[PDB]
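Listing of entry.cif; format and content: mmCIF, C-alpha atoms and all ligand atoms.
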```cif
data_entry
loop_
_atom_site.label_atom_id
_atom_site.label_comp_id
_atom_site.auth_asym_id
_atom_site.auth_seq_id
_atom_site.Cartn_x
_atom_site.Cartn_y
_atom_site.Cartn_z
CA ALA A 2 94.84 81.67 99.66
CA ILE A 3 91.85 83.46 98.18
CA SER A 4 88.81 82.76 100.28
CA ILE A 5 85.45 82.04 98.70
CA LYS A 6 82.54 83.26 100.76
CA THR A 7 79.56 81.10 101.57
CA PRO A 8 76.06 82.41 101.21
CA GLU A 9 75.94 82.94 104.95
CA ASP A 10 79.22 84.84 104.78
CA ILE A 11 77.80 86.98 102.04
CA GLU A 12 74.81 87.86 104.16
CA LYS A 13 77.00 89.27 106.89
CA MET A 14 79.05 91.23 104.35
CA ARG A 15 75.93 92.87 103.03
CA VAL A 16 75.22 94.12 106.54
CA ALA A 17 78.75 95.36 107.15
CA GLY A 18 78.83 96.94 103.71
CA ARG A 19 75.58 98.79 104.32
CA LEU A 20 76.83 100.08 107.72
CA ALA A 21 79.95 101.44 106.14
CA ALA A 22 78.02 103.14 103.37
CA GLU A 23 75.70 104.66 105.92
CA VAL A 24 78.56 106.39 107.77
CA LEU A 25 79.37 108.19 104.51
CA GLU A 26 75.79 109.12 103.92
CA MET A 27 75.44 110.41 107.47
CA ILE A 28 78.51 112.60 107.51
CA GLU A 29 77.72 114.65 104.46
CA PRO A 30 75.99 117.57 106.17
CA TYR A 31 78.95 118.06 108.45
CA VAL A 32 81.43 118.58 105.70
CA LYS A 33 81.77 122.32 105.39
CA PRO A 34 84.30 125.11 105.61
CA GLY A 35 85.72 125.58 109.12
CA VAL A 36 85.10 122.01 110.33
CA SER A 37 88.20 120.17 111.47
CA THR A 38 89.05 116.63 110.32
CA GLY A 39 89.40 115.70 114.02
CA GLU A 40 85.77 116.60 114.56
CA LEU A 41 84.66 114.52 111.51
CA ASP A 42 86.55 111.56 112.90
CA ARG A 43 84.79 111.90 116.28
CA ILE A 44 81.35 112.10 114.76
CA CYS A 45 82.05 109.02 112.68
CA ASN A 46 83.39 107.07 115.61
CA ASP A 47 80.48 107.88 117.81
CA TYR A 48 78.03 106.86 115.16
CA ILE A 49 79.77 103.57 114.49
CA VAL A 50 79.99 102.64 118.15
CA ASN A 51 76.91 104.18 119.69
CA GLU A 52 74.33 103.90 116.98
CA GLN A 53 75.49 101.15 114.76
CA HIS A 54 76.88 99.08 117.61
CA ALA A 55 79.76 98.21 115.36
CA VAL A 56 83.47 98.81 115.44
CA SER A 57 85.98 100.71 113.35
CA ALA A 58 88.48 98.40 111.79
CA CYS A 59 91.05 101.14 111.52
CA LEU A 60 91.53 101.98 115.18
CA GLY A 61 94.70 100.24 116.38
CA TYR A 62 95.34 98.49 113.03
CA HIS A 63 99.11 98.41 112.77
CA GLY A 64 98.85 101.15 115.38
CA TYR A 65 96.58 103.53 113.42
CA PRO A 66 95.41 106.08 115.90
CA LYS A 67 92.02 107.15 114.65
CA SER A 68 88.74 105.72 113.45
CA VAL A 69 88.65 106.80 109.80
CA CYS A 70 91.11 108.08 107.25
CA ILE A 71 90.58 111.63 105.98
CA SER A 72 92.70 112.75 103.06
CA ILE A 73 92.66 116.33 101.84
CA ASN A 74 93.82 117.61 98.44
CA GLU A 75 97.36 116.46 97.81
CA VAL A 76 97.13 113.80 100.53
CA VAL A 77 96.73 110.51 98.62
CA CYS A 78 95.64 108.27 101.44
CA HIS A 79 95.83 107.52 105.16
CA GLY A 80 95.41 111.12 106.15
CA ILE A 81 95.17 111.30 109.90
CA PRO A 82 92.28 113.22 111.39
CA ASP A 83 93.40 116.18 113.48
CA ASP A 84 91.62 118.92 115.49
CA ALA A 85 93.92 121.50 113.95
CA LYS A 86 93.29 120.66 110.29
CA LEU A 87 90.33 122.78 109.10
CA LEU A 88 88.57 122.47 105.80
CA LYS A 89 88.42 125.50 103.41
CA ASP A 90 86.36 126.34 100.36
CA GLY A 91 87.50 124.34 97.38
CA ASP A 92 89.13 121.51 99.28
CA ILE A 93 88.48 117.96 97.97
CA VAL A 94 88.46 115.37 100.72
CA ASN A 95 88.32 111.61 100.82
CA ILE A 96 86.73 109.92 103.85
CA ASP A 97 87.61 106.17 103.94
CA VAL A 98 85.64 104.06 106.34
CA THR A 99 86.01 100.36 107.30
CA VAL A 100 83.54 98.95 109.79
CA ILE A 101 83.43 95.53 111.44
CA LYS A 102 80.08 93.91 112.25
CA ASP A 103 79.73 90.30 113.37
CA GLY A 104 83.28 89.76 112.42
CA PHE A 105 82.93 90.86 108.78
CA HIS A 106 84.42 93.96 107.22
CA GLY A 107 82.79 96.67 104.98
CA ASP A 108 85.31 99.04 103.29
CA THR A 109 84.33 102.13 101.26
CA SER A 110 85.25 105.75 100.54
CA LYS A 111 84.14 108.80 98.60
CA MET A 112 85.27 112.28 97.84
CA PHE A 113 83.46 115.33 99.18
CA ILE A 114 83.91 118.84 97.75
CA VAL A 115 83.96 121.56 100.40
CA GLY A 116 82.09 124.73 99.73
CA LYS A 117 82.63 126.13 96.25
CA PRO A 118 84.40 123.66 94.00
CA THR A 119 87.37 124.36 91.81
CA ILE A 120 87.29 123.24 88.19
CA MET A 121 90.21 120.80 88.64
CA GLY A 122 88.78 119.39 91.81
CA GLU A 123 85.39 118.66 90.36
CA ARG A 124 86.88 117.19 87.26
CA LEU A 125 89.29 114.97 89.13
CA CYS A 126 86.63 113.61 91.42
CA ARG A 127 84.34 112.88 88.53
CA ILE A 128 86.92 111.04 86.49
CA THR A 129 88.01 109.00 89.43
CA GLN A 130 84.48 107.85 90.25
CA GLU A 131 83.90 107.05 86.59
CA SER A 132 87.08 104.96 86.53
CA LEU A 133 85.65 102.98 89.42
CA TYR A 134 82.33 102.50 87.76
CA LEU A 135 83.97 101.32 84.50
CA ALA A 136 85.78 98.64 86.49
CA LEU A 137 82.61 97.56 88.23
CA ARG A 138 80.87 97.01 84.94
CA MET A 139 83.53 94.58 83.89
CA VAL A 140 83.43 92.31 86.92
CA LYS A 141 82.17 88.77 86.18
CA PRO A 142 83.23 85.18 86.53
CA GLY A 143 86.01 84.01 84.26
CA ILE A 144 87.59 87.40 83.57
CA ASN A 145 91.24 88.10 84.57
CA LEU A 146 91.81 90.92 87.13
CA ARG A 147 94.53 92.17 84.84
CA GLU A 148 91.94 93.30 82.35
CA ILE A 149 90.30 95.47 84.96
CA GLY A 150 93.50 97.20 86.01
CA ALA A 151 94.37 97.78 82.39
CA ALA A 152 90.99 99.35 81.66
CA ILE A 153 91.20 101.77 84.61
CA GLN A 154 94.63 102.89 83.59
CA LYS A 155 93.74 103.43 80.00
CA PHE A 156 90.74 105.50 80.95
CA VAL A 157 92.50 107.68 83.46
CA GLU A 158 95.53 108.36 81.30
CA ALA A 159 93.31 109.21 78.35
CA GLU A 160 91.84 111.96 80.52
CA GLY A 161 95.27 113.41 81.28
CA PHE A 162 95.62 112.10 84.82
CA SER A 163 97.78 109.37 86.37
CA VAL A 164 97.13 106.28 88.51
CA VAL A 165 98.90 105.54 91.75
CA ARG A 166 100.82 102.24 91.54
CA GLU A 167 101.65 101.55 95.16
CA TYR A 168 98.30 101.10 96.71
CA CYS A 169 95.63 98.76 95.50
CA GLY A 170 92.35 97.09 96.17
CA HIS A 171 92.25 93.88 98.14
CA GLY A 172 90.28 90.87 99.16
CA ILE A 173 88.24 91.44 102.28
CA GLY A 174 85.99 89.42 104.60
CA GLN A 175 86.76 88.19 108.12
CA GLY A 176 90.17 89.74 107.36
CA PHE A 177 90.69 93.43 106.49
CA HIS A 178 93.21 92.96 103.72
CA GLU A 179 93.01 89.52 102.15
CA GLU A 180 94.19 88.14 98.81
CA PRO A 181 94.17 89.11 96.18
CA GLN A 182 95.91 92.40 95.46
CA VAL A 183 93.72 94.37 93.01
CA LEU A 184 96.03 96.54 90.92
CA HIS A 185 94.61 99.68 89.31
CA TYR A 186 96.93 99.46 86.33
CA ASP A 187 98.15 97.13 83.60
CA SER A 188 100.75 94.68 84.79
CA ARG A 189 102.08 91.50 83.28
CA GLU A 190 102.44 90.32 86.87
CA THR A 191 98.67 90.10 87.35
CA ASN A 192 97.05 86.71 86.75
CA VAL A 193 93.87 86.02 88.68
CA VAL A 194 90.68 84.65 87.24
CA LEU A 195 87.52 85.67 88.97
CA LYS A 196 84.99 83.26 90.43
CA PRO A 197 81.70 83.69 92.19
CA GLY A 198 81.87 84.13 95.92
CA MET A 199 85.03 86.20 95.82
CA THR A 200 84.75 89.53 97.68
CA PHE A 201 87.17 92.36 97.18
CA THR A 202 87.50 96.11 96.87
CA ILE A 203 88.26 98.35 93.88
CA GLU A 204 89.69 101.76 95.08
CA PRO A 205 91.68 103.61 92.48
CA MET A 206 93.79 106.61 93.54
CA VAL A 207 94.18 109.13 90.79
CA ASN A 208 96.47 112.11 90.65
CA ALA A 209 95.89 115.33 88.75
CA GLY A 210 99.64 115.45 88.19
CA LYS A 211 102.33 112.77 88.02
CA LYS A 212 102.02 109.35 89.52
CA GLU A 213 104.81 109.58 92.09
CA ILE A 214 104.01 109.54 95.75
CA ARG A 215 105.80 110.04 99.03
CA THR A 216 105.23 108.83 102.60
CA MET A 217 105.38 111.55 105.22
CA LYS A 218 107.46 111.47 108.44
CA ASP A 219 104.37 110.72 110.53
CA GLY A 220 104.63 107.36 108.89
CA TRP A 221 101.10 107.29 107.63
CA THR A 222 100.26 110.19 105.42
CA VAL A 223 100.97 109.75 101.73
CA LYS A 224 101.14 112.75 99.40
CA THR A 225 101.77 113.26 95.74
CA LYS A 226 105.40 114.08 94.95
CA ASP A 227 104.47 117.01 92.78
CA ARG A 228 101.83 118.25 95.20
CA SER A 229 99.04 117.83 92.64
CA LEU A 230 95.52 116.94 93.80
CA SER A 231 94.71 113.27 94.32
CA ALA A 232 91.35 111.55 94.49
CA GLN A 233 89.96 108.15 95.35
CA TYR A 234 86.69 106.26 95.53
CA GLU A 235 86.14 102.76 96.89
CA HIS A 236 83.50 100.07 96.93
CA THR A 237 83.42 96.47 98.35
CA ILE A 238 81.85 93.92 95.97
CA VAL A 239 80.97 90.25 95.67
CA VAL A 240 81.42 88.35 92.37
CA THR A 241 78.08 86.72 91.43
CA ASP A 242 77.14 84.05 88.90
CA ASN A 243 76.72 86.61 86.16
CA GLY A 244 78.31 89.79 87.32
CA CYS A 245 78.71 91.49 90.65
CA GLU A 246 76.86 93.02 93.54
CA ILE A 247 78.04 96.22 95.15
CA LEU A 248 77.88 95.82 98.91
CA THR A 249 78.63 99.41 99.89
CA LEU A 250 76.31 101.24 97.49
CA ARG A 251 74.94 104.59 98.74
CA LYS A 252 71.95 106.71 97.83
CA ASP A 253 74.17 109.02 95.71
CA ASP A 254 75.82 106.31 93.67
CA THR A 255 74.49 106.33 90.12
CA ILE A 256 75.32 102.74 89.23
CA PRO A 257 72.91 99.89 89.97
CA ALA A 258 73.65 97.68 92.97
CA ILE A 259 73.42 94.51 90.89
CA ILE A 260 75.20 94.40 87.57
CA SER A 261 74.17 91.53 85.28
CA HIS A 262 75.78 90.24 82.14
CA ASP A 263 74.08 88.15 79.46
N1 LIG B 301 90.25 101.63 104.54
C1 LIG B 301 91.60 101.52 103.94
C2 LIG B 301 92.76 101.17 104.90
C3 LIG B 301 92.81 101.99 106.17
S1 LIG B 301 93.90 101.20 107.40
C4 LIG B 301 94.89 102.58 107.89
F1 LIG B 301 95.97 102.07 108.55
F2 LIG B 301 95.57 103.00 106.79
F3 LIG B 301 94.03 103.44 108.50
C5 LIG B 301 91.67 100.51 102.82
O1 LIG B 301 90.82 100.65 101.94
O2 LIG B 301 92.62 99.69 102.82
CO CO B 302 89.09 101.80 102.56
CO CO B 303 90.20 99.08 100.89
NA NA B 304 92.96 113.66 98.38
#
```

Rewritten as structure tokens:
Amino acid sequence: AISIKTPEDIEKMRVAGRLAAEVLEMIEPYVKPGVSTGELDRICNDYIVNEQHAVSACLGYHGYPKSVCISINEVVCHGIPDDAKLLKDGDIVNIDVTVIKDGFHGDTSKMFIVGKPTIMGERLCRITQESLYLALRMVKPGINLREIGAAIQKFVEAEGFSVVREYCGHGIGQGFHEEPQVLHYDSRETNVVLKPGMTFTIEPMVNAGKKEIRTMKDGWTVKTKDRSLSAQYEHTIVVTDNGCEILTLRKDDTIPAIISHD
């Protein structure tokens, strides 16, 4: 049951996508050594609710307790904001935001480097964003999703890193996680042909070390098994007649919002 968005639907996604992107743009100046993730979460929440007049899709979802997910270093995803977790020089941190506006969702994330970067950290973040961009450039009607997953994997592994298998991109719209599942690796199981009007996310999680992950006892936090650094970037897109449009593009993205093939 893959939903195809109408033009009106697409209009609302553009708004939701822009709101989400804006939370990430807004938070940047607050990301510095000595700030806690709990504080970042509060600032985000206040902005979403009080300024944007929107709502966080994460709060209460399956019982999730906070408004955004903040994942530091070896935390792969779903890191839970906490007043006790302070950022230090060299940390790499993912902030994943999902906002709801007029019933439509906007889902996006980026990595931030705290204070003075480490060589590994900078490199990992770069490669991960590039793997996302590569995928975006391939999106167009008629192509099989499998090709995209395969390309990401090949790229990442060629750079000496690994791709997380367990978590993947997903359709999105009135629902947070809709069909289809967007795998970030090559799999004979994948068989989905793209068509215009489809909206989904691409959000590869890449590990500096081995691919294996582990879910923590808190039941949310996921970390790499070998404790290596992990990075992720995410954008929400719409498949167009000749390519794609990135709904959550920010001022710092270096890819064009509309990608055209011909
Ligand atoms: N924004 C995340 C999901 C966060 S829901 C939570 F339960 F894990 F917070 C995504 O891209 O799927
Ligand atoms: Co997300
Ligand atoms: Co997502
Ligand atoms: Na991380």

query: Got a sec to check which residues lie within 6 Å of ligand LIG 301 (chain B), using all atoms listed in the file, and send them as a list in words?
result: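 Using all atoms listed in the file, I find these residues within 6 Å of ligand LIG 301 (chain B): residues 59, 62, 65, 70, 79, 97, 98, 99 and 108 of chain A.
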
Write out as a Markdown table the residues of chain A that have any atom within 9 Å of an atom of ligand CO 303 (chain B), one row each with the nearest atom pair and its distance in Å to one decimal, counting all atoms listed in the file, sorted by chain and then rising number.
```
| residue | atom | partner | partner_atom | distance |
| --- | --- | --- | --- | --- |
| A:97 | CA | B:CO303 | CO | 8.1 |
| A:98 | CA | B:CO303 | CO | 8.7 |
| A:99 | CA | B:CO303 | CO | 7.8 |
| A:107 | CA | B:CO303 | CO | 8.8 |
| A:108 | CA | B:CO303 | CO | 5.4 |
| A:109 | CA | B:CO303 | CO | 6.6 |
| A:110 | CA | B:CO303 | CO | 8.3 |
| A:169 | CA | B:CO303 | CO | 7.7 |
| A:170 | CA | B:CO303 | CO | 5.6 |
| A:171 | CA | B:CO303 | CO | 6.2 |
| A:172 | CA | B:CO303 | CO | 8.4 |
| A:173 | CA | B:CO303 | CO | 8.0 |
| A:177 | CA | B:CO303 | CO | 8.0 |
| A:178 | CA | B:CO303 | CO | 7.4 |
| A:201 | CA | B:CO303 | CO | 8.3 |
| A:202 | CA | B:CO303 | CO | 5.7 |
| A:203 | CA | B:CO303 | CO | 7.3 |
| A:204 | CA | B:CO303 | CO | 6.4 |
| A:235 | CA | B:CO303 | CO | 6.8 |
| A:236 | CA | B:CO303 | CO | 7.8 |
| A:237 | CA | B:CO303 | CO | 7.7 |
```

Using only C-alpha atoms and all ligand atoms, I'd like a table of the residues in chain A that come within 8 Å of ligand NA 304 (chain B); for each, show the closest atom pair and its distance in Å rounded to one decimal, ordered by chain and ascending number, as JSON lines.
```
{"residue": "A:72", "atom": "CA", "partner": "B:NA304", "partner_atom": "NA", "distance": 4.8}
{"residue": "A:73", "atom": "CA", "partner": "B:NA304", "partner_atom": "NA", "distance": 4.4}
{"residue": "A:74", "atom": "CA", "partner": "B:NA304", "partner_atom": "NA", "distance": 4.0}
{"residue": "A:75", "atom": "CA", "partner": "B:NA304", "partner_atom": "NA", "distance": 5.2}
{"residue": "A:76", "atom": "CA", "partner": "B:NA304", "partner_atom": "NA", "distance": 4.7}
{"residue": "A:77", "atom": "CA", "partner": "B:NA304", "partner_atom": "NA", "distance": 4.9}
{"residue": "A:78", "atom": "CA", "partner": "B:NA304", "partner_atom": "NA", "distance": 6.8}
{"residue": "A:93", "atom": "CA", "partner": "B:NA304", "partner_atom": "NA", "distance": 6.2}
{"residue": "A:94", "atom": "CA", "partner": "B:NA304", "partner_atom": "NA", "distance": 5.4}
{"residue": "A:95", "atom": "CA", "partner": "B:NA304", "partner_atom": "NA", "distance": 5.6}
{"residue": "A:112", "atom": "CA", "partner": "B:NA304", "partner_atom": "NA", "distance": 7.8}
{"residue": "A:230", "atom": "CA", "partner": "B:NA304", "partner_atom": "NA", "distance": 6.2}
{"residue": "A:231", "atom": "CA", "partner": "B:NA304", "partner_atom": "NA", "distance": 4.4}
{"residue": "A:232", "atom": "CA", "partner": "B:NA304", "partner_atom": "NA", "distance": 4.7}
{"residue": "A:233", "atom": "CA", "partner": "B:NA304", "partner_atom": "NA", "distance": 7.0}
```

message: I'd like to know which of A:10, A:50, A:4, A:81 is closest to residue 37 (chain A), using all atoms listed in the file.
response: A:81

- prompt: Can you tell me how far CA of residue 156 (chain A) sits from CA of residue 193 (chain A), in Å to one decimal?
  reply: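 Between CA of residue 156 (chain A) and CA of residue 193 (chain A) the gap works out to 21.2 Å.
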
Selected residue of minimal separation from residue 132 (chain A) among A:248, A:36, A:159, A:44, counting only C-alpha atoms: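 So, comparing all the options, the nearest one is A:159.
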
message: Considering all atoms listed in the file, can you say which of A:57, A:129, A:154, A:216 comes closest to ligand CO 302 (chain B)?
response: A:57
